[PDB]
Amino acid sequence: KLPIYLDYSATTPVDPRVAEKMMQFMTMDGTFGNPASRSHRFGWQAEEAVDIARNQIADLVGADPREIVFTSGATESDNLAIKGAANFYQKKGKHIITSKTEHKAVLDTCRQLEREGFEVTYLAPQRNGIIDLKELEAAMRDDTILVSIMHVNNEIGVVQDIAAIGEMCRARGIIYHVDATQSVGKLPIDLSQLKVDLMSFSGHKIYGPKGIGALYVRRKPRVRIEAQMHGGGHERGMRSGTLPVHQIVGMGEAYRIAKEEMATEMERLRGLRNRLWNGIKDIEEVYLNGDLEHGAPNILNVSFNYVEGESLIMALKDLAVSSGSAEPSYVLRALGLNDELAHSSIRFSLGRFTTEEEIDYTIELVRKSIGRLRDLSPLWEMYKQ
């Protein structure tokens, strides 16, 4: 029992196998060396471990290891890719197009670039979170140098057609960046086919450790960015600093694991997700945010009408979930939900350790909770005539 964790999108637990691998690269009896120490064995062994992990990450997304730049997380990756490309190609233009539902790491980076003189078009998504590709194309100009649209949304799990957006960008000579923190290891990614130029990844959203991530930077056709972190020109000049070996080994192991169990795990999560939805879609006034069909298999975001969101989370004390509110979720607001519905919205994000028992328990707890509140709810009183 205990507080059931259904907030995997916020962060996931490190896989035991990842944890045990990481432990081998920390203490004095392990490979604790600095890979930058080129004159001795401690460094050589550390460097080898990094290369193995860099290849493991690359294998998952069908990339060349040299295209993988290590960062401290997907936030830095997002900052590096957008600020990096925006600054590098600014002579070609200063227009950037993105989406209003992007993660803050993308939105706040674009806001900073706006104060630096760049122009940013924040596209509004359709009611279901999907970006109208026609509007995207209409927004593109001769001075547009970059587009950033995420693969899977962290709040509602909607999936964008990154392959198609990439096509549109390559044809116009526009750099395309994808924040794939919520899709890597869940949805198939093959950059040998995909026309994406920059792609952000993280470790802790796929059972790896927090504080590590990577940025895919296409080698062919060659894409370039200005490093945002200086001090040695590490990572082929794109990101300076000491390589956190144990963190890097953990991310690699996490990505090796994902490649192998992805197919079976995702089909499993999709089943638990539908199970959850089927068990509550019948509740009087409930709305699903996104698309329980093409969206991510592990995310379920639903709004419960005629209930004070302020007390919803308290009602669901037995569940560790999220509402998105910081002010209500800006993603839900971008979808068109009013402040009240947005507040009384819950995101259920499933993971590797979620079971049917938990789901059925959750289904029950939700129906009952929504039932009680609605009884002693002045708002619901209003609904029923």
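Numbers for residues come from their place in the sequence shown, where the first is 1.
Per the record, residue 326 and residue 327 are separated by 4 to 9 deposited residues that have no coordinates. Annotation for 105-113 versus 257-265: the higher mean temperature factor (C-alpha) is found in 257-265. With 193-201 and 77-85 compared on mean CA B-factor from the PDB entry, the stretch scoring higher is 193-201. Among 72, 289, 247, 98, the highest C-alpha B-factor in the deposited entry belongs to 289.
Looking only at 275, 94, 230, 177, the residue with the top Cα B factor in the deposited structure is 275. Among the modelled residues of its chain, residue 164 has a C-alpha B-factor that falls in the lowest third, as given in the PDB entry. Ranked within its chain, residue 213 lands in the lowest third, by CA B factor from the PDB record. Sorting the modelled residues of the chain by their CA temperature factor places residue 241 in the lowest third.
Per the PDB record, residue ranking by Cα B-factor puts residue 129 in the middle third of the chain.
Among all modelled residues in its chain, residue 336 ranks in the highest third by Cα B-factor.
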